[PDB]
Amino acid sequence: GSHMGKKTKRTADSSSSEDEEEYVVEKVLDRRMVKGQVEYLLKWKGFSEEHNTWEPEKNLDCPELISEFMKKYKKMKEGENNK
C-alpha cells in the first residue's frame, strides 16, 4: 500500500552501534618545505605514523596547530634565536 503526510521525528535509531567513524586530522606532527611549497604533517586519527603524509598549507589552513607547534620545534630542535 501507501501513505500520505510527513513529520520530522527521531528518538532512537540504533542501540549497539556508534554514530559514525572516519580518519580526520588531529594535530600537526611536523613542518617542512618542498618544491617551493610549504608542506605540513597532519596526524590522521585512526592510523599510525606509517599513515603520516605531508600536505600543502594552501589547501588547508590550521594556524592553531602551527602556532603551538612552533614552541615544540624550538625545544625539539635547538639552533638559534632570531627574536
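Going by the structure above, here's the rest.
Residues numbered from 1 in each chain as written, not as in the entry; some residues may be left out. Heavy atoms only, no water.

**Here we look at the nonpolar core**
Within the largest apolar cluster, five residues are counted, these being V28, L42, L60, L65 and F69. With residues near it in sequence (within four places) discarded, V28 still touches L41, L42, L65, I66 and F69. (Core = buried A, V, L, I, M, F, W, Y, C linked by side-chain atoms within 4.5 Å. Buried < 20%, exposed > 50% of the residue type's maximum accessible area, 1.4 Å probe, protein only. Contact = heavy atoms within 4.5 Å.)

**Structural notes on the packing of aromatic side chains**
Under the criterion given, the structure shown has two aromatic pairs. Arranged with centres 5.6 Å apart and planes meeting at 65 degrees, the rings of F69 and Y73 form a pair that is edge-to-face. Of this pair, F69 and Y73 both sit in helix α1 (residues 63-76), separated by four residues, roughly a single helical turn. Given a relative accessible area of 11%, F69 falls into the buried group. Residue classification places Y73 among the partly exposed residues on the basis of a relative accessible area of 37%. (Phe/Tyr/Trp six-rings, centres within 6.5 Å; stacked < 30°, edge-to-face > 60°. Helix = DSSP H or I, 4+ residues; strand = E, 2+ residues; numbered from the N terminus.)

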